[PDB]
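Coordinates from entry-v3.csv are shown below (CSV, N, CA and C atoms).
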chain,number,residue,atom,x,y,z
F,1,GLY,N,0.8,-1.2,0.0
F,1,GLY,CA,0.0,0.0,0.0
F,1,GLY,C,0.8,1.3,0.0
F,2,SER,N,0.3,2.3,0.6
F,2,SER,CA,1.0,3.6,0.6
F,2,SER,C,1.3,4.0,2.1
F,3,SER,N,2.0,5.1,2.2
F,3,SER,CA,2.3,5.6,3.6
F,3,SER,C,2.1,7.1,3.7
F,4,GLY,N,2.2,7.7,4.9
F,4,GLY,CA,2.0,9.1,5.1
F,4,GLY,C,1.6,9.4,6.5
F,5,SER,N,2.5,10.2,7.1
F,5,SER,CA,2.2,10.6,8.5
F,5,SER,C,3.0,11.9,8.9
F,6,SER,N,2.5,12.7,9.7
F,6,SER,CA,3.1,14.0,10.2
F,6,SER,C,3.2,14.0,11.7
F,7,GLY,N,3.8,15.1,12.2
F,7,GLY,CA,3.9,15.3,13.6
F,7,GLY,C,5.1,14.5,14.2
F,8,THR,N,4.8,13.3,14.7
F,8,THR,CA,5.8,12.5,15.3
F,8,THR,C,7.0,12.2,14.3
F,9,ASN,N,7.9,13.1,14.3
F,9,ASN,CA,9.1,13.0,13.4
F,9,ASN,C,10.3,12.6,14.1
F,10,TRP,N,10.2,11.8,15.2
F,10,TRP,CA,11.3,11.4,16.0
F,10,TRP,C,12.4,10.7,15.1
F,11,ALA,N,12.0,9.9,14.2
F,11,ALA,CA,12.9,9.2,13.4
F,11,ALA,C,13.8,10.1,12.6
F,12,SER,N,13.3,11.2,12.2
F,12,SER,CA,14.1,12.2,11.5
F,12,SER,C,14.9,13.1,12.5
F,13,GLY,N,14.5,13.2,13.7
F,13,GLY,CA,15.2,13.9,14.7
F,13,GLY,C,14.5,15.2,15.1
F,14,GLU,N,13.5,15.6,14.3
F,14,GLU,CA,12.8,16.8,14.6
F,14,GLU,C,12.1,16.7,15.9
F,15,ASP,N,11.8,15.5,16.3
F,15,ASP,CA,11.1,15.3,17.6
F,15,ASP,C,12.0,14.5,18.6
F,16,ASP,N,11.6,14.4,19.8
F,16,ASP,CA,12.4,13.7,20.8
F,16,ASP,C,12.6,12.3,20.5
F,17,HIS,N,13.9,11.8,20.7
F,17,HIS,CA,14.2,10.5,20.3
F,17,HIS,C,15.5,10.0,21.1
F,18,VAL,N,15.9,8.8,21.0
F,18,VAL,CA,17.1,8.3,21.6
F,18,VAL,C,18.1,7.8,20.6
F,19,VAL,N,19.3,7.8,21.0
F,19,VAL,CA,20.4,7.3,20.1
F,19,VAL,C,21.1,6.1,20.6
F,20,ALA,N,21.4,5.2,19.7
F,20,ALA,CA,22.0,3.9,20.1
F,20,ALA,C,22.9,3.3,18.9
F,21,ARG,N,23.9,2.6,19.3
F,21,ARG,CA,24.8,2.1,18.3
F,21,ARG,C,24.8,0.5,18.4
F,22,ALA,N,24.3,-0.1,17.3
F,22,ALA,CA,24.3,-1.5,17.2
F,22,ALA,C,25.6,-2.2,17.7
F,23,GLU,N,25.5,-2.9,18.8
F,23,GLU,CA,26.7,-3.5,19.4
F,23,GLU,C,27.2,-4.7,18.5
F,24,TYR,N,26.2,-5.3,17.8
F,24,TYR,CA,26.6,-6.4,16.9
F,24,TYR,C,25.7,-6.4,15.7
F,25,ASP,N,25.9,-7.4,14.8
F,25,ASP,CA,25.1,-7.5,13.6
F,25,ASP,C,23.8,-8.2,13.8
F,26,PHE,N,22.7,-7.8,13.2
F,26,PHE,CA,21.4,-8.4,13.3
F,26,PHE,C,20.5,-8.0,12.1
F,27,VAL,N,20.0,-9.0,11.5
F,27,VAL,CA,19.1,-8.9,10.3
F,27,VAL,C,17.6,-8.8,10.8
F,28,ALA,N,16.7,-8.5,9.8
F,28,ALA,CA,15.3,-8.4,10.1
F,28,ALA,C,14.6,-9.7,9.8
F,29,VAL,N,14.0,-10.3,10.8
F,29,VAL,CA,13.3,-11.6,10.7
F,29,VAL,C,12.1,-11.4,9.7
F,30,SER,N,11.4,-10.3,9.8
F,30,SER,CA,10.2,-10.0,9.0
F,30,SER,C,10.3,-8.6,8.4
F,31,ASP,N,9.3,-8.3,7.6
F,31,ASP,CA,9.3,-7.0,6.9
F,31,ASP,C,9.2,-5.8,8.0
F,32,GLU,N,8.4,-6.1,9.0
F,32,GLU,CA,8.2,-5.1,10.1
F,32,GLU,C,9.6,-4.7,10.7
F,33,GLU,N,10.5,-5.7,10.8
F,33,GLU,CA,11.8,-5.5,11.4
F,33,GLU,C,12.7,-4.8,10.4
F,34,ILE,N,13.8,-4.3,10.9
F,34,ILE,CA,14.8,-3.6,10.1
F,34,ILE,C,16.2,-4.3,10.2
F,35,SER,N,16.9,-4.3,9.1
F,35,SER,CA,18.3,-4.9,9.1
F,35,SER,C,19.3,-3.9,9.3
F,36,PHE,N,20.1,-4.0,10.4
F,36,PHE,CA,21.2,-3.1,10.6
F,36,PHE,C,22.4,-3.8,11.1
F,37,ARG,N,23.6,-3.2,10.8
F,37,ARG,CA,24.9,-3.8,11.2
F,37,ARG,C,25.5,-3.1,12.4
F,38,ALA,N,26.5,-3.7,13.0
F,38,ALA,CA,27.2,-3.1,14.2
F,38,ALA,C,27.8,-1.8,13.8
F,39,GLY,N,27.3,-0.7,14.3
F,39,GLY,CA,27.8,0.6,14.0
F,39,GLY,C,26.8,1.5,13.3
F,40,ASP,N,25.5,1.4,13.7
F,40,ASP,CA,24.5,2.2,13.0
F,40,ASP,C,23.7,3.0,14.1
F,41,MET,N,23.3,4.2,13.8
F,41,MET,CA,22.5,5.0,14.7
F,41,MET,C,21.0,4.9,14.5
F,42,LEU,N,20.4,4.3,15.4
F,42,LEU,CA,18.9,4.1,15.4
F,42,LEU,C,18.2,5.0,16.3
F,43,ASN,N,17.1,5.7,15.8
F,43,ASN,CA,16.3,6.6,16.7
F,43,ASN,C,15.2,5.8,17.3
F,44,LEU,N,15.3,5.8,18.7
F,44,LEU,CA,14.2,5.1,19.5
F,44,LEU,C,13.3,6.1,20.0
F,45,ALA,N,12.0,5.9,19.8
F,45,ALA,CA,10.9,6.8,20.3
F,45,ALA,C,10.7,6.5,21.8
F,46,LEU,N,10.3,7.6,22.5
F,46,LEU,CA,10.0,7.5,23.9
F,46,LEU,C,9.0,6.5,24.2
F,47,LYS,N,9.1,5.8,25.4
F,47,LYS,CA,8.1,4.8,25.8
F,47,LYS,C,6.7,5.3,25.5
F,48,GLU,N,6.4,6.5,25.7
F,48,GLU,CA,5.1,7.1,25.4
F,48,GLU,C,4.6,6.7,24.0
F,49,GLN,N,5.5,6.8,23.1
F,49,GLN,CA,5.1,6.4,21.7
F,49,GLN,C,5.3,4.9,21.5
F,50,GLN,N,6.4,4.3,22.0
F,50,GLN,CA,6.7,2.9,21.9
F,50,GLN,C,5.4,2.1,21.9
F,51,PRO,N,5.4,1.0,21.1
F,51,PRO,CA,4.2,0.1,21.0
F,51,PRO,C,4.0,-0.7,22.3
F,52,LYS,N,3.1,-1.6,22.3
F,52,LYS,CA,2.7,-2.4,23.4
F,52,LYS,C,3.8,-3.5,23.6
F,53,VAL,N,4.3,-4.1,22.5
F,53,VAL,CA,5.3,-5.1,22.5
F,53,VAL,C,6.3,-4.9,23.6
F,54,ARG,N,6.8,-5.9,24.2
F,54,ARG,CA,7.8,-5.8,25.2
F,54,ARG,C,9.2,-6.4,24.7
F,55,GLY,N,10.3,-5.7,25.0
F,55,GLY,CA,11.6,-6.2,24.6
F,55,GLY,C,12.1,-5.6,23.4
F,56,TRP,N,11.2,-5.4,22.4
F,56,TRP,CA,11.6,-4.7,21.2
F,56,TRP,C,11.2,-3.2,21.2
F,57,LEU,N,12.2,-2.4,20.8
F,57,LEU,CA,12.0,-1.0,20.8
F,57,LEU,C,11.8,-0.5,19.4
F,58,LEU,N,10.8,0.4,19.2
F,58,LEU,CA,10.4,0.9,17.9
F,58,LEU,C,11.4,2.0,17.5
F,59,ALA,N,12.2,1.8,16.5
F,59,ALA,CA,13.2,2.7,16.0
F,59,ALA,C,13.3,2.7,14.5
F,60,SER,N,13.8,3.8,13.9
F,60,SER,CA,14.0,3.8,12.4
F,60,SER,C,15.5,3.9,12.1
F,61,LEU,N,16.0,2.8,11.5
F,61,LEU,CA,17.4,2.7,11.1
F,61,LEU,C,17.8,3.9,10.3
F,62,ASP,N,17.2,4.0,9.1
F,62,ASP,CA,17.5,5.1,8.1
F,62,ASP,C,17.0,6.4,8.7
F,63,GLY,N,15.7,6.5,8.9
F,63,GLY,CA,15.1,7.7,9.5
F,63,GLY,C,13.7,8.0,9.0
F,64,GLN,N,13.4,7.4,7.9
F,64,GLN,CA,12.0,7.5,7.3
F,64,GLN,C,11.1,6.4,7.7
F,65,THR,N,11.6,5.2,7.6
F,65,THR,CA,10.8,4.0,8.0
F,65,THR,C,11.1,3.5,9.4
F,66,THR,N,10.1,3.1,10.1
F,66,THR,CA,10.3,2.7,11.5
F,66,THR,C,10.0,1.2,11.6
F,67,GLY,N,10.7,0.5,12.4
F,67,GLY,CA,10.5,-1.0,12.6
F,67,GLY,C,10.9,-1.4,14.0
F,68,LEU,N,10.7,-2.7,14.2
F,68,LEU,CA,11.0,-3.3,15.5
F,68,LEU,C,12.5,-3.7,15.6
F,69,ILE,N,13.2,-3.2,16.5
F,69,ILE,CA,14.6,-3.5,16.7
F,69,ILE,C,14.9,-4.0,18.1
F,70,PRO,N,15.9,-4.9,18.3
F,70,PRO,CA,16.3,-5.4,19.6
F,70,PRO,C,17.0,-4.4,20.4
F,71,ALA,N,17.1,-4.6,21.7
F,71,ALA,CA,17.7,-3.7,22.7
F,71,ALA,C,19.1,-4.1,23.0
F,72,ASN,N,19.2,-5.3,23.6
F,72,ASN,CA,20.5,-5.9,24.0
F,72,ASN,C,21.5,-5.8,22.8
F,73,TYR,N,21.0,-6.1,21.6
F,73,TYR,CA,21.8,-6.0,20.4
F,73,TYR,C,22.4,-4.6,20.1
F,74,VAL,N,21.7,-3.6,20.7
F,74,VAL,CA,22.1,-2.2,20.6
F,74,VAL,C,22.5,-1.6,21.9
F,75,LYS,N,23.4,-0.6,21.8
F,75,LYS,CA,23.9,0.0,23.0
F,75,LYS,C,23.6,1.5,23.0
F,76,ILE,N,23.0,2.1,24.1
F,76,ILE,CA,22.7,3.5,24.2
F,76,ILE,C,23.9,4.3,24.4
F,77,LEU,N,24.1,5.4,23.7
F,77,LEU,CA,25.2,6.3,23.9
F,77,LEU,C,24.8,7.6,24.6
F,78,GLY,N,23.6,8.1,24.3
F,78,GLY,CA,23.1,9.3,25.0
F,78,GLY,C,21.9,9.9,24.3
F,79,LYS,N,20.7,9.6,24.9
F,79,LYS,CA,19.5,10.1,24.3
F,79,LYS,C,19.6,11.6,24.1
F,80,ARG,N,18.8,12.1,23.1
F,80,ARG,CA,18.8,13.5,22.7
F,80,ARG,C,17.3,14.1,22.7
F,81,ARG,N,17.2,15.4,22.8
F,81,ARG,CA,15.9,16.0,22.7
F,81,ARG,C,15.6,16.5,21.3
F,82,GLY,N,14.3,16.9,21.1
F,82,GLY,CA,13.9,17.4,19.8
F,82,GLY,C,14.9,18.3,19.2
F,83,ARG,N,14.7,18.7,17.9
F,83,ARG,CA,15.6,19.5,17.2
F,83,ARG,C,15.1,21.0,17.4
F,84,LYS,N,13.8,21.2,17.2
F,84,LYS,CA,13.3,22.6,17.3
F,84,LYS,C,13.7,23.2,18.6
F,85,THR,N,13.7,22.5,19.7
F,85,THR,CA,14.1,23.0,21.0
F,85,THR,C,15.4,23.8,20.9
F,86,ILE,N,16.2,23.4,19.9
F,86,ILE,CA,17.5,24.1,19.7
F,86,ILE,C,17.3,25.6,19.4
F,87,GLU,N,17.9,26.4,20.3
F,87,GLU,CA,17.8,27.8,20.2
F,87,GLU,C,16.4,28.3,19.9
F,88,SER,N,15.4,27.7,20.7
F,88,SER,CA,14.0,28.0,20.5
F,88,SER,C,13.6,29.1,21.5
F,89,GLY,N,13.8,28.8,22.8
F,89,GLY,CA,13.4,29.7,23.8
F,89,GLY,C,14.4,29.8,24.9
F,90,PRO,N,14.1,30.5,26.0
F,90,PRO,CA,14.9,30.7,27.1
F,90,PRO,C,15.1,29.4,27.9
F,91,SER,N,16.2,29.3,28.7
F,91,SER,CA,16.5,28.1,29.5
F,91,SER,C,17.5,28.5,30.6
F,92,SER,N,17.3,27.7,31.7
F,92,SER,CA,18.2,27.9,32.9
F,92,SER,C,19.6,27.7,32.5
F,93,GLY,N,20.5,28.3,33.3
F,93,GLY,CA,22.0,28.2,33.0
F,93,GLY,C,22.4,26.7,33.0

If you took the structure in this file and wrote it as structure tokens, what would it be?
Amino acid sequence: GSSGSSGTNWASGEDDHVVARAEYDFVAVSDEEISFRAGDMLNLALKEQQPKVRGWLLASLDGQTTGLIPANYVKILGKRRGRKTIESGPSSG
């Protein structure tokens, strides 16, 4: 079929998301899953958005398409906040 969605642009970075680097290699068992190798940056959506499934975190390897990716297989480096927030308004020291 076709696709199309706005707002939640965490995958692109415009929205709040997390950063992680695949610790090892792992392919996609199904179409829903994504194939990534050790050394890729995957954007993980906040639990709020995350699906019901447990263990698998919803993230977009490339940035446009989102799929189910493993956690242990990936290592978190340092979550980041939305992009707009960048030089948007005032903030404490």

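For residue 48 in chain F, the residues within 12 Å (counting only C-alpha atoms, excluding itself and residues fewer than 6 positions away along the chain) are residues 8, 16, 17, 57 and 58 of chain F.
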
Give me the residues within 8 Å of range 76-78 of chain F as a PDB file with N, CA and C atoms, keeping the file's coordinate frame, counting only N, CA and C atoms and dropping any in the same chain fewer than 4 places off.
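Output file around31.pdb follows:
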ATOM      1  N   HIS F  17      13.900  11.800  20.700  1.00  0.00           N
ATOM      2  CA  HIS F  17      14.200  10.500  20.300  1.00  0.00           C
ATOM      3  C   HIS F  17      15.500  10.000  21.100  1.00  0.00           C
ATOM      4  N   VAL F  18      15.900   8.800  21.000  1.00  0.00           N
ATOM      5  CA  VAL F  18      17.100   8.300  21.600  1.00  0.00           C
ATOM      6  C   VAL F  18      18.100   7.800  20.600  1.00  0.00           C
ATOM      7  N   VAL F  19      19.300   7.800  21.000  1.00  0.00           N
ATOM      8  CA  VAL F  19      20.400   7.300  20.100  1.00  0.00           C
ATOM      9  C   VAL F  19      21.100   6.100  20.600  1.00  0.00           C
ATOM     10  N   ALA F  20      21.400   5.200  19.700  1.00  0.00           N
ATOM     11  CA  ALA F  20      22.000   3.900  20.100  1.00  0.00           C
ATOM     12  C   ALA F  20      22.900   3.300  18.900  1.00  0.00           C
ATOM     13  N   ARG F  21      23.900   2.600  19.300  1.00  0.00           N
ATOM     14  CA  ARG F  21      24.800   2.100  18.300  1.00  0.00           C
ATOM     15  C   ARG F  21      24.800   0.500  18.400  1.00  0.00           C
ATOM     16  N   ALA F  22      24.300  -0.100  17.300  1.00  0.00           N
ATOM     17  CA  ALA F  22      24.300  -1.500  17.200  1.00  0.00           C
ATOM     18  C   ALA F  22      25.600  -2.200  17.700  1.00  0.00           C
ATOM     19  N   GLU F  23      25.500  -2.900  18.800  1.00  0.00           N
ATOM     20  CA  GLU F  23      26.700  -3.500  19.400  1.00  0.00           C
ATOM     21  C   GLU F  23      27.200  -4.700  18.500  1.00  0.00           C
ATOM     22  N   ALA F  71      17.100  -4.600  21.700  1.00  0.00           N
ATOM     23  CA  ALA F  71      17.700  -3.700  22.700  1.00  0.00           C
ATOM     24  C   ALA F  71      19.100  -4.100  23.000  1.00  0.00           C
TER      25      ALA F  71
END

Å distance separating atom N of residue 62 in chain F from CA of residue 74 in chain F, one decimal place: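 Distance between the two atoms: 14.0 Å.
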
Identify the residues within 5 Å of coordinate (11.6, -3.7, 24.0) (same frame as the file), considering only N, CA and C atoms, and give the answer as a PyMOL selection string. chain F and resi 54-57

Store the residues of this selection in a file with N, CA and C atoms, as a PDB file, in the coordinates of the input.
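The result, stored in again26.pdb:
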ATOM      1  N   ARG F  54       6.800  -5.900  24.200  1.00  0.00           N
ATOM      2  CA  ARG F  54       7.800  -5.800  25.200  1.00  0.00           C
ATOM      3  C   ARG F  54       9.200  -6.400  24.700  1.00  0.00           C
ATOM      4  N   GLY F  55      10.300  -5.700  25.000  1.00  0.00           N
ATOM      5  CA  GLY F  55      11.600  -6.200  24.600  1.00  0.00           C
ATOM      6  C   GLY F  55      12.100  -5.600  23.400  1.00  0.00           C
ATOM      7  N   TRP F  56      11.200  -5.400  22.400  1.00  0.00           N
ATOM      8  CA  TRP F  56      11.600  -4.700  21.200  1.00  0.00           C
ATOM      9  C   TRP F  56      11.200  -3.200  21.200  1.00  0.00           C
ATOM     10  N   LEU F  57      12.200  -2.400  20.800  1.00  0.00           N
ATOM     11  CA  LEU F  57      12.000  -1.000  20.800  1.00  0.00           C
ATOM     12  C   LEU F  57      11.800  -0.500  19.400  1.00  0.00           C
TER      13      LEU F  57
END

Of F:41, F:90, F:67, F:81, the one nearest to residue 14 in chain F when counting all atoms listed in the file is F:81

Select, from F:66, F:72, F:86, F:91, the residue with the minimum atom-to-atom distance to residue 32 in chain F, counting only C-alpha atoms.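 Closest residue, counting only C-alpha atoms: F:66.
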
Pick out the closest residue to residue 7 in chain F from this set: F:26, F:82, F:42, F:37. Count only C-alpha atoms.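 Nearest to residue 7 in chain F: F:82.
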
Could you give me, as a CSV table (one decimal) with N, CA and C atoms, in the coordinates of the input, the residues within 6 Å of range 9-13 of chain F, counting only C-alpha atoms and dropping anything in the same chain fewer than 4 positions from it?
chain,number,residue,atom,x,y,z
F,17,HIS,N,13.9,11.8,20.7
F,17,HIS,CA,14.2,10.5,20.3
F,17,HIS,C,15.5,10.0,21.1
F,43,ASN,N,17.1,5.7,15.8
F,43,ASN,CA,16.3,6.6,16.7
F,43,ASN,C,15.2,5.8,17.3
F,60,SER,N,13.8,3.8,13.9
F,60,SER,CA,14.0,3.8,12.4
F,60,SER,C,15.5,3.9,12.1
F,63,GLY,N,15.7,6.5,8.9
F,63,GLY,CA,15.1,7.7,9.5
F,63,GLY,C,13.7,8.0,9.0

Would you work out the distance separating CA of residue 35 in chain F from CA of residue 80 in chain F, expressed in Å to one decimal?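 If I compute the distance from CA of residue 35 in chain F to CA of residue 80 in chain F, I get 22.9 Å.
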
Measure the distance from CA of residue 51 in chain F to CA of residue 36 in chain F in Å and round it to one decimal.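 If I compute the distance from CA of residue 51 in chain F to CA of residue 36 in chain F, I get 20.2 Å.
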
Give the strand (DSSP E) residues of range 5-91 of chain F, as DSSP finds them on the backbone, and put them as a PyMOL selection string. chain F and resi 20-22+43-44+57-60+67-69+74-76

Looking at only N, CA and C atoms, which of F:83, F:34, F:39, F:53 is the one that sits closest to residue 70 in chain F?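 Going through F:83, F:34, F:39, F:53 one by one, the smallest distance to residue 70 in chain F is for F:34.
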